[PDB]
>>> print(open('work11.tsv').read())   # TSV, C-alpha atoms and all ligand atoms
chain	number	residue	atom	x	y	z
A	1	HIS	CA	-21.24	-9.30	13.13
A	2	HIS	CA	-18.32	-9.97	10.70
A	3	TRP	CA	-16.36	-7.21	8.92
A	4	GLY	CA	-17.57	-5.69	5.62
A	5	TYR	CA	-17.92	-2.26	3.96
A	6	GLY	CA	-21.12	-0.89	5.73
A	7	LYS	CA	-21.77	1.87	8.33
A	8	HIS	CA	-21.65	-0.68	11.21
A	9	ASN	CA	-18.90	-3.10	9.98
A	10	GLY	CA	-16.82	-1.06	7.46
A	11	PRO	CA	-13.21	0.18	7.49
A	12	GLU	CA	-13.58	2.54	10.53
A	13	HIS	CA	-14.64	-0.55	12.62
A	14	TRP	CA	-11.94	-3.02	11.48
A	15	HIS	CA	-9.37	-2.01	14.17
A	16	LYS	CA	-11.56	-3.58	16.92
A	17	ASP	CA	-11.10	-7.15	15.52
A	18	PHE	CA	-7.78	-6.35	13.72
A	19	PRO	CA	-5.78	-3.78	15.77
A	20	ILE	CA	-3.02	-3.77	13.05
A	21	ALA	CA	-5.59	-1.57	11.15
A	22	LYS	CA	-3.84	1.38	12.97
A	23	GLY	CA	-0.34	0.00	12.22
A	24	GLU	CA	2.77	1.60	10.74
A	25	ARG	CA	2.52	0.17	7.18
A	26	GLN	CA	-1.20	0.08	6.26
A	27	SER	CA	-2.60	0.17	2.71
A	28	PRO	CA	-3.88	1.72	0.58
A	29	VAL	CA	-2.28	5.21	0.53
A	30	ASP	CA	-2.51	8.39	-1.49
A	31	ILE	CA	0.34	8.55	-4.02
A	32	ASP	CA	1.60	12.14	-3.99
A	33	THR	CA	3.23	12.22	-7.47
A	34	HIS	CA	5.44	15.24	-6.67
A	35	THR	CA	6.86	13.66	-3.41
A	36	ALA	CA	7.40	10.14	-4.92
A	37	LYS	CA	11.13	9.87	-5.70
A	38	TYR	CA	12.39	8.47	-9.01
A	39	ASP	CA	14.67	5.56	-8.01
A	40	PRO	CA	17.14	4.72	-10.83
A	41	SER	CA	18.07	1.51	-8.88
A	42	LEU	CA	14.52	0.07	-9.48
A	43	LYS	CA	14.37	-2.59	-12.24
A	44	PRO	CA	11.78	-3.00	-14.99
A	45	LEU	CA	8.90	-5.13	-13.69
A	46	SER	CA	8.96	-8.73	-15.10
A	47	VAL	CA	5.34	-10.00	-15.51
A	48	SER	CA	5.43	-13.57	-16.94
A	49	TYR	CA	1.77	-14.73	-17.32
A	50	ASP	CA	2.15	-16.81	-20.60
A	51	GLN	CA	1.60	-20.11	-18.62
A	52	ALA	CA	-0.99	-18.74	-16.09
A	53	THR	CA	-3.72	-21.41	-15.43
A	54	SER	CA	-6.99	-20.02	-13.95
A	55	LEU	CA	-9.19	-22.53	-12.06
A	56	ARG	CA	-12.28	-20.81	-10.70
A	57	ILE	CA	-14.06	-17.51	-10.02
A	58	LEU	CA	-15.62	-17.05	-6.55
A	59	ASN	CA	-18.00	-14.49	-4.85
A	60	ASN	CA	-16.78	-14.36	-1.19
A	61	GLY	CA	-19.30	-11.67	-0.04
A	62	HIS	CA	-16.60	-8.91	-0.38
A	63	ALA	CA	-15.47	-9.17	-4.04
A	64	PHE	CA	-15.00	-11.86	-6.71
A	65	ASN	CA	-11.68	-13.73	-6.85
A	66	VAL	CA	-10.24	-15.28	-10.06
A	67	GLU	CA	-8.05	-18.11	-8.71
A	68	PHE	CA	-5.01	-19.73	-10.30
A	69	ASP	CA	-3.33	-23.12	-9.98
A	70	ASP	CA	-0.11	-22.01	-8.17
A	71	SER	CA	1.13	-25.69	-7.82
A	72	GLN	CA	3.88	-25.11	-10.48
A	73	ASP	CA	6.21	-22.17	-11.26
A	74	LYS	CA	4.14	-20.61	-14.09
A	75	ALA	CA	2.66	-17.09	-13.64
A	76	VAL	CA	5.43	-15.14	-11.82
A	77	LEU	CA	6.17	-11.52	-10.92
A	78	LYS	CA	9.82	-10.59	-10.41
A	79	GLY	CA	12.22	-7.68	-10.88
A	80	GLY	CA	10.90	-4.20	-10.19
A	81	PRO	CA	11.58	-3.64	-6.45
A	82	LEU	CA	11.39	-7.40	-5.68
A	83	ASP	CA	14.08	-9.86	-4.59
A	84	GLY	CA	13.36	-13.39	-5.89
A	85	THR	CA	10.14	-14.67	-7.44
A	86	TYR	CA	6.48	-14.27	-6.58
A	87	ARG	CA	3.77	-16.62	-7.86
A	88	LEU	CA	0.28	-15.46	-8.96
A	89	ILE	CA	-2.49	-16.99	-6.77
A	90	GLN	CA	-5.53	-14.76	-7.52
A	91	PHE	CA	-6.82	-11.43	-8.76
A	92	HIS	CA	-9.82	-9.36	-7.70
A	93	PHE	CA	-11.14	-5.80	-7.97
A	94	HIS	CA	-12.41	-2.98	-5.75
A	95	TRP	CA	-15.04	-0.65	-7.24
A	96	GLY	CA	-17.53	2.09	-6.48
A	97	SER	CA	-21.28	2.78	-6.59
A	98	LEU	CA	-20.44	5.60	-9.12
A	99	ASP	CA	-17.57	6.15	-11.58
A	100	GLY	CA	-16.10	8.91	-9.30
A	101	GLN	CA	-14.93	6.43	-6.60
A	102	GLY	CA	-13.87	2.80	-6.22
A	103	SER	CA	-10.06	2.72	-6.23
A	104	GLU	CA	-8.15	2.04	-3.00
A	105	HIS	CA	-4.94	3.84	-3.93
A	106	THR	CA	-5.40	7.45	-5.04
A	107	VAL	CA	-3.08	9.62	-7.17
A	108	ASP	CA	-2.85	13.23	-5.93
A	109	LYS	CA	-6.23	12.42	-4.20
A	110	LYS	CA	-7.75	11.29	-7.57
A	111	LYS	CA	-10.06	8.26	-7.13
A	112	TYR	CA	-10.41	5.91	-10.11
A	113	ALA	CA	-13.61	3.96	-10.88
A	114	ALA	CA	-11.99	0.67	-9.76
A	115	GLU	CA	-8.67	-1.03	-8.98
A	116	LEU	CA	-7.44	-4.49	-10.02
A	117	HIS	CA	-5.14	-6.40	-7.59
A	118	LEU	CA	-3.05	-9.33	-8.83
A	119	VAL	CA	-1.83	-11.11	-5.69
A	120	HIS	CA	1.49	-13.02	-5.72
A	121	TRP	CA	3.35	-14.87	-2.93
A	122	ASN	CA	7.09	-15.15	-2.38
A	123	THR	CA	8.17	-18.67	-3.39
A	124	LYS	CA	10.91	-18.63	-0.67
A	125	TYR	CA	8.09	-19.20	1.94
A	126	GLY	CA	6.66	-22.28	0.16
A	127	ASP	CA	2.93	-21.36	0.26
A	128	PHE	CA	0.54	-18.40	0.45
A	129	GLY	CA	-0.40	-18.91	4.14
A	130	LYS	CA	3.25	-18.94	5.32
A	131	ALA	CA	4.14	-16.00	3.03
A	132	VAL	CA	1.59	-13.62	4.67
A	133	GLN	CA	3.43	-14.03	8.03
A	134	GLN	CA	6.52	-12.34	6.47
A	135	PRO	CA	7.19	-8.64	5.75
A	136	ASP	CA	8.23	-9.53	2.14
A	137	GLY	CA	5.64	-12.34	1.75
A	138	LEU	CA	3.41	-10.85	-0.99
A	139	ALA	CA	3.71	-8.63	-4.05
A	140	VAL	CA	0.41	-7.09	-5.17
A	141	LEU	CA	0.28	-5.51	-8.62
A	142	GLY	CA	-2.35	-2.74	-8.60
A	143	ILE	CA	-3.91	-1.42	-11.82
A	144	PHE	CA	-6.39	1.49	-11.96
A	145	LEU	CA	-9.58	1.29	-14.04
A	146	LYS	CA	-11.17	4.32	-15.69
A	147	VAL	CA	-14.47	4.30	-17.63
A	148	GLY	CA	-14.18	4.82	-21.39
A	149	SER	CA	-13.43	2.21	-24.09
A	150	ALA	CA	-14.23	-1.44	-23.26
A	151	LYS	CA	-11.33	-3.72	-22.23
A	152	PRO	CA	-11.83	-6.74	-24.53
A	153	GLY	CA	-9.70	-8.96	-22.21
A	154	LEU	CA	-12.09	-8.24	-19.27
A	155	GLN	CA	-15.30	-9.37	-21.09
A	156	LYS	CA	-14.86	-13.12	-20.20
A	157	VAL	CA	-14.85	-12.07	-16.47
A	158	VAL	CA	-17.88	-9.73	-16.91
A	159	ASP	CA	-19.90	-12.46	-18.70
A	160	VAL	CA	-19.45	-15.06	-15.85
A	161	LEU	CA	-20.59	-12.67	-13.02
A	162	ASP	CA	-24.31	-13.54	-13.63
A	163	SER	CA	-23.43	-17.10	-12.39
A	164	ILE	CA	-21.86	-15.88	-9.04
A	165	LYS	CA	-24.29	-13.08	-8.05
A	166	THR	CA	-24.34	-13.91	-4.30
A	167	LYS	CA	-21.90	-14.68	-1.46
A	168	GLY	CA	-20.70	-18.33	-1.57
A	169	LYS	CA	-21.31	-18.91	-5.34
A	170	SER	CA	-18.30	-20.09	-7.49
A	171	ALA	CA	-17.90	-21.22	-11.17
A	172	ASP	CA	-15.27	-23.08	-13.27
A	173	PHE	CA	-13.13	-20.36	-14.90
A	174	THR	CA	-10.32	-22.00	-16.87
A	175	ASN	CA	-8.01	-20.63	-19.60
A	176	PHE	CA	-8.44	-16.96	-18.58
A	177	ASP	CA	-5.32	-14.99	-19.67
A	178	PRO	CA	-4.59	-12.10	-17.24
A	179	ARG	CA	-2.23	-10.51	-19.84
A	180	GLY	CA	-5.46	-9.07	-21.34
A	181	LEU	CA	-5.91	-6.86	-18.20
A	182	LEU	CA	-2.49	-5.10	-18.41
A	183	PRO	CA	-1.93	-1.56	-19.69
A	184	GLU	CA	0.80	-0.81	-22.29
A	185	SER	CA	3.31	0.70	-19.79
A	186	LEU	CA	4.71	-1.12	-16.72
A	187	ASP	CA	5.86	2.23	-15.16
A	188	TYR	CA	5.03	1.93	-11.45
A	189	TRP	CA	5.12	3.32	-7.94
A	190	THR	CA	6.16	1.05	-5.07
A	191	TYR	CA	5.99	1.16	-1.25
A	192	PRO	CA	5.80	-1.31	1.65
A	193	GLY	CA	2.27	-1.92	2.94
A	194	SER	CA	-0.48	-4.30	3.91
A	195	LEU	CA	-3.50	-6.27	2.84
A	196	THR	CA	-6.38	-3.82	2.35
A	197	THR	CA	-8.95	-6.20	3.94
A	198	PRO	CA	-8.81	-8.06	7.25
A	199	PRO	CA	-6.55	-9.56	8.40
A	200	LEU	CA	-4.68	-6.38	7.23
A	201	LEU	CA	-1.29	-8.16	7.53
A	202	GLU	CA	1.79	-5.97	6.90
A	203	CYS	CA	3.26	-8.40	4.35
A	204	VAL	CA	2.92	-6.62	0.97
A	205	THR	CA	5.30	-4.95	-1.45
A	206	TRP	CA	2.83	-2.77	-3.40
A	207	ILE	CA	3.53	-2.15	-7.11
A	208	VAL	CA	0.95	0.31	-8.52
A	209	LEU	CA	1.03	0.91	-12.28
A	210	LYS	CA	0.82	4.55	-13.38
A	211	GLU	CA	-1.16	3.78	-16.60
A	212	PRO	CA	-4.85	2.92	-15.98
A	213	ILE	CA	-6.78	0.47	-18.15
A	214	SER	CA	-10.05	1.64	-19.72
A	215	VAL	CA	-13.21	-0.42	-19.20
A	216	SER	CA	-16.67	0.42	-20.53
A	217	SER	CA	-19.55	1.80	-18.44
A	218	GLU	CA	-21.38	-1.49	-19.33
A	219	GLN	CA	-18.47	-3.59	-17.94
A	220	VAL	CA	-18.32	-1.76	-14.58
A	221	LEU	CA	-22.17	-1.67	-14.32
A	222	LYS	CA	-22.05	-5.52	-14.36
A	223	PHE	CA	-19.60	-5.45	-11.36
A	224	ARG	CA	-22.24	-3.33	-9.53
A	225	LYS	CA	-24.99	-5.98	-10.10
A	226	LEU	CA	-23.14	-8.45	-7.80
A	227	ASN	CA	-24.44	-8.90	-4.22
A	228	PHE	CA	-22.63	-8.85	-0.84
A	229	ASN	CA	-25.51	-10.97	0.64
A	230	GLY	CA	-26.05	-14.75	0.16
A	231	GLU	CA	-28.80	-16.37	-2.04
A	232	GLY	CA	-32.22	-15.82	-0.34
A	233	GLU	CA	-30.95	-12.85	1.79
A	234	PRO	CA	-31.97	-9.14	1.57
A	235	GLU	CA	-30.28	-7.67	-1.56
A	236	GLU	CA	-27.22	-5.46	-0.78
A	237	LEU	CA	-25.45	-4.45	-4.05
A	238	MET	CA	-21.69	-5.24	-4.02
A	239	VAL	CA	-20.44	-1.63	-4.42
A	240	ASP	CA	-17.90	0.56	-2.55
A	241	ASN	CA	-15.79	-2.47	-1.49
A	242	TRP	CA	-12.72	-0.19	-1.15
A	243	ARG	CA	-10.72	0.82	1.94
A	244	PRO	CA	-9.85	4.57	2.01
A	245	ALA	CA	-6.25	5.88	1.96
A	246	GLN	CA	-4.41	5.28	5.27
A	247	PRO	CA	-1.63	7.36	6.83
A	248	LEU	CA	1.74	7.05	5.03
A	249	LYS	CA	3.63	7.38	8.38
A	250	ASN	CA	7.40	6.65	8.01
A	251	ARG	CA	7.27	5.41	4.38
A	252	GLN	CA	8.69	6.49	1.00
A	253	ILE	CA	6.86	5.89	-2.30
A	254	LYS	CA	9.39	5.27	-5.10
A	255	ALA	CA	8.76	5.80	-8.85
A	256	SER	CA	10.29	3.52	-11.53
A	257	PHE	CA	10.06	6.42	-14.05
A	258	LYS	CA	11.15	10.09	-14.46
B	301	LIG	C1	-6.25	-16.70	2.88
B	301	LIG	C2	-5.74	-15.68	3.93
B	301	LIG	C3	-6.84	-14.72	4.34
B	301	LIG	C4	-7.34	-13.94	3.12
B	301	LIG	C5	-6.16	-13.08	2.54
B	301	LIG	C6	-4.92	-13.95	2.22
B	301	LIG	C7	-3.77	-13.06	1.94
B	301	LIG	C8	-4.11	-12.03	1.02
B	301	LIG	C9	-5.40	-11.60	0.68
B	301	LIG	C10	-5.54	-10.53	-0.27
B	301	LIG	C11	-6.54	-9.47	0.27
B	301	LIG	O1	-6.88	-8.34	-0.65
B	301	LIG	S1	-5.80	-7.25	-1.04
B	301	LIG	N1	-6.68	-6.10	-1.41
B	301	LIG	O2	-5.01	-6.94	0.18
B	301	LIG	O3	-5.02	-7.82	-2.13
B	301	LIG	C12	-7.81	-10.15	0.68
B	301	LIG	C13	-7.52	-11.15	1.74
B	301	LIG	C14	-6.56	-12.21	1.27
B	301	LIG	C15	-7.25	-13.07	0.21
B	301	LIG	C16	-4.58	-14.86	3.46
B	301	LIG	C17	-3.49	-15.93	3.22
B	301	LIG	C18	-3.66	-16.81	4.46
B	301	LIG	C19	-5.03	-16.40	5.09
B	301	LIG	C20	-5.83	-17.59	5.64
B	301	LIG	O4	-5.64	-18.74	5.25
B	302	ZN	ZN	-7.46	-5.86	-3.22
>>> encode(input="work11.tsv", output="C-alpha cells")
Amino acid sequence: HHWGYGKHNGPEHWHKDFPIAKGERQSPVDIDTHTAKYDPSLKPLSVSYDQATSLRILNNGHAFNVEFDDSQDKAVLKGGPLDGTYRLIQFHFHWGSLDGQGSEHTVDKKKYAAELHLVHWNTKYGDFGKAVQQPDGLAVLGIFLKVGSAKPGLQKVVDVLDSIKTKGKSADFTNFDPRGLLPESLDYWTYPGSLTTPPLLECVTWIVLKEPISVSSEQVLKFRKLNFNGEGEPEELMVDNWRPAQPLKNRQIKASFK
C-alpha cells in the first residue's frame, strides 16, 4: 500500500508515512499575485542549457522523468534568488484528467492544465542525494502549461510516451534540448518549499515562471494515455498526478518583476 494519487493513497494520506507533509514549508502553494512582493534585489534567472545531455526517459508509476547526465558542469541554473550553482538532473510534469486542472502551483487560485518541473541540485553538496538533506539543496524551475498552440520543442517527448506506457518502462532519450520547453520571459515568483511528492523534503527553492507555455490538446491527450499501473495490471490512466496547494504558513512569495 505505497503512496500515489488515489482516494486511498493520495495526498491526504501521505502524512501517515511522511509526517513532514504537515510541515512549515510544504509545496505547492497558491501564488496570490497581489500579496507577492516585487523584490528589486532579485537577479535575472540564468538558465544555461546549451550543453544539457539527456540520457533516458522513465515511467516510475507517478509521472515520466527525462533524465540528464549530471556528471559534468553543463546544464546549470544560477542567479535569480540562488546563491551558487545548481545542476539539472531531470524534468517531469504534473497534469490533469481535464484541461481545467493539473498544475500544482496555482495563480490567484487558477489551475493550469499541467506544470513542468526542471529539478536542479546545489553543486556545493556534491550529489543529488546529499543535496536533498539541505534546506538550500534543490532549485526547481516550474513552468505552467496551457492548452492552445502546440509546443514544437515538446513533440519529441510526446512521441516517445507510447514506448513507456506502464510503470517500470524506460527508453533511451538522448540529445533532447530542454531550451525548447521555455517561455519567452524568465519573470518569476520564488519562495522556500518542498518536494511535492514523498519524501516531501523541505529542501527546495521554488522558481515559478509567470509566463505559461502553450501545448496542443493533442500533446496533453498523449500524457493522459500513460498508465500508473505496470504492464499486465488493471489499467489506471496516469492523470491528476498533482498535489493540491498547501498552507503558506510563515512564508513570503517574492516577484522578480513589477
Ligand atoms: C531520489 C530521491 C527520492 C526521489 C526524489 C529525489 C529528490 C527530488 C525529487 C523530485 C520530486 O518531484 S518535485 N515535484 O518535488 O520536483 C519527486 C521525487 C524526487 C525525484 C530524491 C533524491 C534522493 C532520494 C533517494 O535516493
Ligand atoms: Zn514535480
>>> atom_distance(input="work11.tsv", atom1="atom CA of residue A:150", atom2="atom CA of residue A:256")
27.6 Å
>>> residues_near_point(input="work11.tsv", point="(-21.9, -8.5, -1.1)", cutoff="7 Å", atoms="all atoms listed in the file", output="PyMOL selection string")
chain A and resi 61-62+166-167+226-229+236-238
>>> closest_atom_pairs(input="work11.tsv", of="chain A", to="ligand LIG 301 (chain B)", cutoff="9 Å", atoms="only C-alpha atoms and all ligand atoms", output="JSON lines")
{"residue": "A:27", "atom": "CA", "partner": "B:LIG301", "partner_atom": "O2", "distance": 7.9}
{"residue": "A:28", "atom": "CA", "partner": "B:LIG301", "partner_atom": "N1", "distance": 8.5}
{"residue": "A:62", "atom": "CA", "partner": "B:LIG301", "partner_atom": "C12", "distance": 8.9}
{"residue": "A:65", "atom": "CA", "partner": "B:LIG301", "partner_atom": "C15", "distance": 8.4}
{"residue": "A:90", "atom": "CA", "partner": "B:LIG301", "partner_atom": "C15", "distance": 8.1}
{"residue": "A:91", "atom": "CA", "partner": "B:LIG301", "partner_atom": "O3", "distance": 7.8}
{"residue": "A:92", "atom": "CA", "partner": "B:LIG301", "partner_atom": "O3", "distance": 7.5}
{"residue": "A:93", "atom": "CA", "partner": "B:LIG301", "partner_atom": "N1", "distance": 7.9}
{"residue": "A:94", "atom": "CA", "partner": "B:LIG301", "partner_atom": "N1", "distance": 7.8}
{"residue": "A:104", "atom": "CA", "partner": "B:LIG301", "partner_atom": "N1", "distance": 8.4}
{"residue": "A:116", "atom": "CA", "partner": "B:LIG301", "partner_atom": "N1", "distance": 8.8}
{"residue": "A:117", "atom": "CA", "partner": "B:LIG301", "partner_atom": "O3", "distance": 5.6}
{"residue": "A:118", "atom": "CA", "partner": "B:LIG301", "partner_atom": "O3", "distance": 7.1}
{"residue": "A:119", "atom": "CA", "partner": "B:LIG301", "partner_atom": "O3", "distance": 5.8}
{"residue": "A:120", "atom": "CA", "partner": "B:LIG301", "partner_atom": "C8", "distance": 8.8}
{"residue": "A:121", "atom": "CA", "partner": "B:LIG301", "partner_atom": "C7", "distance": 8.8}
{"residue": "A:127", "atom": "CA", "partner": "B:LIG301", "partner_atom": "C17", "distance": 8.9}
{"residue": "A:128", "atom": "CA", "partner": "B:LIG301", "partner_atom": "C17", "distance": 5.5}
{"residue": "A:129", "atom": "CA", "partner": "B:LIG301", "partner_atom": "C18", "distance": 3.9}
{"residue": "A:130", "atom": "CA", "partner": "B:LIG301", "partner_atom": "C18", "distance": 7.3}
{"residue": "A:131", "atom": "CA", "partner": "B:LIG301", "partner_atom": "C17", "distance": 7.6}
{"residue": "A:132", "atom": "CA", "partner": "B:LIG301", "partner_atom": "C17", "distance": 5.8}
{"residue": "A:133", "atom": "CA", "partner": "B:LIG301", "partner_atom": "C18", "distance": 8.4}
{"residue": "A:138", "atom": "CA", "partner": "B:LIG301", "partner_atom": "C8", "distance": 7.9}
{"residue": "A:139", "atom": "CA", "partner": "B:LIG301", "partner_atom": "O3", "distance": 9.0}
{"residue": "A:140", "atom": "CA", "partner": "B:LIG301", "partner_atom": "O3", "distance": 6.3}
{"residue": "A:141", "atom": "CA", "partner": "B:LIG301", "partner_atom": "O3", "distance": 8.7}
{"residue": "A:142", "atom": "CA", "partner": "B:LIG301", "partner_atom": "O3", "distance": 8.6}
{"residue": "A:194", "atom": "CA", "partner": "B:LIG301", "partner_atom": "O2", "distance": 6.4}
{"residue": "A:195", "atom": "CA", "partner": "B:LIG301", "partner_atom": "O2", "distance": 3.1}
{"residue": "A:196", "atom": "CA", "partner": "B:LIG301", "partner_atom": "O2", "distance": 4.0}
{"residue": "A:197", "atom": "CA", "partner": "B:LIG301", "partner_atom": "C12", "distance": 5.2}
{"residue": "A:198", "atom": "CA", "partner": "B:LIG301", "partner_atom": "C13", "distance": 6.4}
{"residue": "A:199", "atom": "CA", "partner": "B:LIG301", "partner_atom": "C3", "distance": 6.6}
{"residue": "A:200", "atom": "CA", "partner": "B:LIG301", "partner_atom": "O2", "distance": 7.1}
{"residue": "A:201", "atom": "CA", "partner": "B:LIG301", "partner_atom": "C7", "distance": 7.8}
{"residue": "A:203", "atom": "CA", "partner": "B:LIG301", "partner_atom": "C7", "distance": 8.8}
{"residue": "A:204", "atom": "CA", "partner": "B:LIG301", "partner_atom": "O2", "distance": 8.0}
{"residue": "A:242", "atom": "CA", "partner": "B:LIG301", "partner_atom": "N1", "distance": 8.5}
{"residue": "A:243", "atom": "CA", "partner": "B:LIG301", "partner_atom": "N1", "distance": 8.7}
>>> atom_distance(input="work11.tsv", atom1="atom CA of residue A:74", atom2="atom CA of residue A:136")
20.1 Å
>>> atom_distance(input="work11.tsv", atom1="atom CA of residue A:63", atom2="atom CA of residue A:209")
21.0 Å
>>> closest_residue(input="work11.tsv", among="A:115, A:231, A:172, A:99", to="residue A:217", atoms="all atoms listed in the file")
A:99
>>> closest_residue(input="work11.tsv", among="A:152, A:102, A:84, A:44", to="ligand ZN 302 (chain B)", atoms="all atoms listed in the file")
A:102
>>> closest_residue(input="work11.tsv", among="A:103, A:110, A:168, A:225", to="ligand ZN 302 (chain B)", atoms="all atoms listed in the file")
A:103
>>> residues_around(input="work11.tsv", residues="residue A:161", least_positions_apart="4", cutoff="9 Å", atoms="only C-alpha atoms", output="ChimeraX atom specification")
/A:57,59,64,157,165,222-223,225-226
>>> closest_residue(input="work11.tsv", among="A:153, A:180, A:23, A:148", to="residue A:216", atoms="only C-alpha atoms")
A:148
>>> residues_near_point(input="work11.tsv", point="(10.7, -6.5, -10.9)", cutoff="12 Å", atoms="all atoms listed in the file", output="PyMOL selection string")
chain A and resi 41-48+76-86+139-141+186-190+205-207+256
>>> closest_residue(input="work11.tsv", among="A:147, A:107, A:181, A:88", to="residue A:123", atoms="all atoms listed in the file")
A:88
>>> closest_residue(input="work11.tsv", among="A:34, A:56, A:87, A:105", to="ligand ZN 302 (chain B)", atoms="all atoms listed in the file")
A:105
